[PDB]
Structures are given as structure tokens and as C-alpha cells.
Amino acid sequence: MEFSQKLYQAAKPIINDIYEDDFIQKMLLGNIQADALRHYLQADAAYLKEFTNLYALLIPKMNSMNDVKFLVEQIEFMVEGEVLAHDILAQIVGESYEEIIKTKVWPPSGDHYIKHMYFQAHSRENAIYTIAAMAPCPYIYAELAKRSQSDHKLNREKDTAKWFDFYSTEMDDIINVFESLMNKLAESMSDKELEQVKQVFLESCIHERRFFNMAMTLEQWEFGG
């Protein structure tokens, strides 16, 4: 089949394991406590400028200037603020998004996620490796949202369900762009080369699951005992 779809098939048991894990399950039935959600926000904000830096590192890896335009736009979007799914999470805790992130966290998981992406952008000439590393989302985020709407255990009464509504639609653009690039780039690559890329993708897929478990566990570096 097509390469990006080969990725999606391998990613199934993980999105499955992410869906049945504690973050998603708890978001689903409305019972998720504002402490876990605080950890998730502070970290996302903390790694913000890293994501910005990765798109810019993608630019010299490009060829078509149409793809460069898009990377500018994604860099543009993040600096331009306006995080909608974040204010829905800000609602559930009941404090503003900006006030929560005045404190920041750099947990061992986010650190592991960020350096996985950076290793690809520093060590690997072909863009597909960086791109495969940043792709597992919002692909994962979208697929979770769609499993939500069909699911009858979904709690629609609370403000947890407005999170799922966001990722069902608004992630779908950049998924296609990443899908185009990866599929286009894989045409000339060998089977051995492509197995690496897939591994890059699936490691990132785990990093998402670990990122949610990080939020739930209030994870940090323990240097003091």
C-alpha cells in the first residue's frame, strides 16, 4: 500500500493502549482531576519553542518552496498564540491558561520526546526522519477523537467532551501535509531505510502515551532523594 498508511496500521495497538490508558479513559467519562491536567499544560507550554525550532530545522531539508511556505505557517500559528483546546482544559481546572503556565515543567518524558525529534533534525539528511518524528500527532490526537464520538461511554454533559470535538476536525489539515511529504519521500527509499523511519514514528507514538502518563503521574526529575 501507501507508506504513511503502513505506519498507521503498525500504530494501532498503541493508540489502543493510549485510549485505554488513564488520561483518555478519565477524559472520556468526565472524572479526570485538575491536578493531572495542570502538569500536561505546563509542559506543553515549556516545549513550545522547541516545536517552533524543529519546523525551522525542516526548512533546509526541503526542496519545494510550497512546503517551506507551510512550515512558516505552522511556525506562524504557534507564535500567534490562540490555543483553543487549551482553554477548554483551562476551563475544567477553572484557572486561565496563561496563569497556569507561569509555572513550567520539563519532565523526563517530554525531555525524551524532544530529544528524539532533535536527534532526527540534527543527525539525518532526509527530512522524512524529522517529519515521521513529529507526525504521530495530531494523527494520534485525531484517531482518539473519532474513537470517542462512536463510543457510548462518552460523557457529553461535561467540558471534557469539547476537547474531543476539537481534535476530530482541526488537526486534519497538517495530517495530510505530513502524509504527502512522507509518501512522496518514501518512493525512492529502500525497505531497510523505511524500517528505520517506521521505528522513528512508533517511538514517537510511545512518547505520546508516555506524555499522558506523565501528566497523570505528576512526573519530574528526582535529584533530592
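A residue's number is simply how far along the shown sequence it sits, counting from 1.
- Relative to its counterpart among 21 to 29 and 206 to 214, 21 to 29 has the higher mean temperature factor, C-alpha atoms as listed in the PDB entry.
- For the pair 56 to 64 and 164 to 172, the mean Cα B-factor is higher in 164 to 172.
- Note on the listed residues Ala85, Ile128, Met134, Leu71: the highest Cα temperature factor in the record is that of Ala85.
- Out of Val200, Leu194, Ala34, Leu181, the entry records its largest CA B-factor for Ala34.
- In the deposited entry, the Cα temperature factor of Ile75 places it in the middle third of its chain's modelled residues.
- Among all modelled residues in this chain, the alpha-carbon of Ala145 has a temperature factor (C-alpha) in the middle third.
- When the modelled residues of the chain are ordered by C-alpha B-factor, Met189 sits in the lowest third.
- For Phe119, the recorded CA B-factor ranks within the lowest third of the chain. Only modelled residues enter the ranking.
- In this PDB entry, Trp106 carries a Cα temperature factor that places it within the highest third of its chain's modelled residues.
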